[PDB]
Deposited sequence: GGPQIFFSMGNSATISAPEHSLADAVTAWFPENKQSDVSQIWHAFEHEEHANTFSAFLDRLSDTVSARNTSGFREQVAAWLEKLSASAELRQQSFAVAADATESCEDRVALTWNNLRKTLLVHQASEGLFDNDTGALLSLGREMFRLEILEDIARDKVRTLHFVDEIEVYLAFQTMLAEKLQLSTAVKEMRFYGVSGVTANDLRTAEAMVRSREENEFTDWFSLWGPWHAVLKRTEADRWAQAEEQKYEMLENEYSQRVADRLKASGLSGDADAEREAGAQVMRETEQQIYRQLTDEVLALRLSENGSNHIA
């Protein structure tokens, strides 16, 4: 009952024997459902191209199946989140092959796109909390379609002001937060491990050294800030924020530099 949904994306022409082949791999239960759901809302052929590399690489299949299953299966299923994570995955495996090595410009756009899609998902998750009988996939697509043109990529309750509002908040967050985010992005990271092996280790080292000189002190510069010294967990959390802020500054530096090359 997956070989069904997988193949319904191929044409009347190439329509399953390749996919009955996988019907017992861990998470086909969930992956099938996800597809069903995706069609049930050009594109068809590209989704098929995607499914091709998933036949061509086993490792990628397990990863994509895994991603489909790992969702926080709370509410709204996070169809949009899953879709976006499945691309992040393919980007990672694609970069891992070496498809962006001599084309880090292409990666820069895709990242931009992806960033914008990530944000549109948050906006949509939010909007759907005040709407009855409208699943978040619907609102996401409304945004994605209507701002497809305006952001270089019909649902009742989503209005002209919402679109104009969402477009603004993206454009704001893109200018102020993009480079910082690309710096941290799994696909960029594969590429750095790939092409710029050496500058990478130097960044690794660069962060150990920053931790050494500044973790403890930066950690105290928060328990004096939040006024929560003593509390065991409030220290826990402030430790972790310090980790992420040193990793952020390292890899930005690294991105800045490795892009200056191109």
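Quiz item: Given the full deposited sequence, which segments carry no C-alpha coordinates?
Solution: In sequence order, the gaps with no modelled C-alpha are 1-20, 36-38, 65-71, 184-193, 303-312.
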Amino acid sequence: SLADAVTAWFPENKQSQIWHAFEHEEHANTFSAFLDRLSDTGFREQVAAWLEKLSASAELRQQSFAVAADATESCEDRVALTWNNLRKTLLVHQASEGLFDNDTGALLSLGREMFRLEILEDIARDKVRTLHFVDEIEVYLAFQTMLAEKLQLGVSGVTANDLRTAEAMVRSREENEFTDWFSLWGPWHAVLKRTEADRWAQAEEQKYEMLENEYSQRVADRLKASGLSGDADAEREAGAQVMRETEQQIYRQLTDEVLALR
From here on, numbers count along this sequence of modelled residues.
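Quiz prompt | Mean Cα B-factor comparison, 59-67 or 217-225, giving the higher one as deposited | solution = That would be 217-225.
Self-check item: Average Cα temperature factor in the PDB entry - higher stretch of 104-112, 73-81
Solution: Comparing averages over the C-alpha atoms only gives 73-81.
Exercise. Among all modelled residues of this chain, ranked by Cα B factor, put residue 30 in the bottom, middle or top third, i.e. lowest, middle or highest.
Key: Lowest third of the chain for residue 30's C-alpha B-factor.
Exercise. Using the B-factors in the PDB entry, rank residue 211's C-alpha atom against the chain and give the third, lowest, middle or highest.
Key: Middle third - that is where residue 211 ends up once the chain's C-alpha B-factors are sorted.
Quiz item: Can you tell me which third, lowest, middle or highest, the CA B-factor of residue 234 falls into for its chain?
Solution: Ranked within chain, residue 234 CA B lands in the highest tercile.
Self-check item: Where the record places residue 197 (Cα B-factor, split into thirds across the chain)
Solution: CA B-factor rank for residue 197: lowest third.
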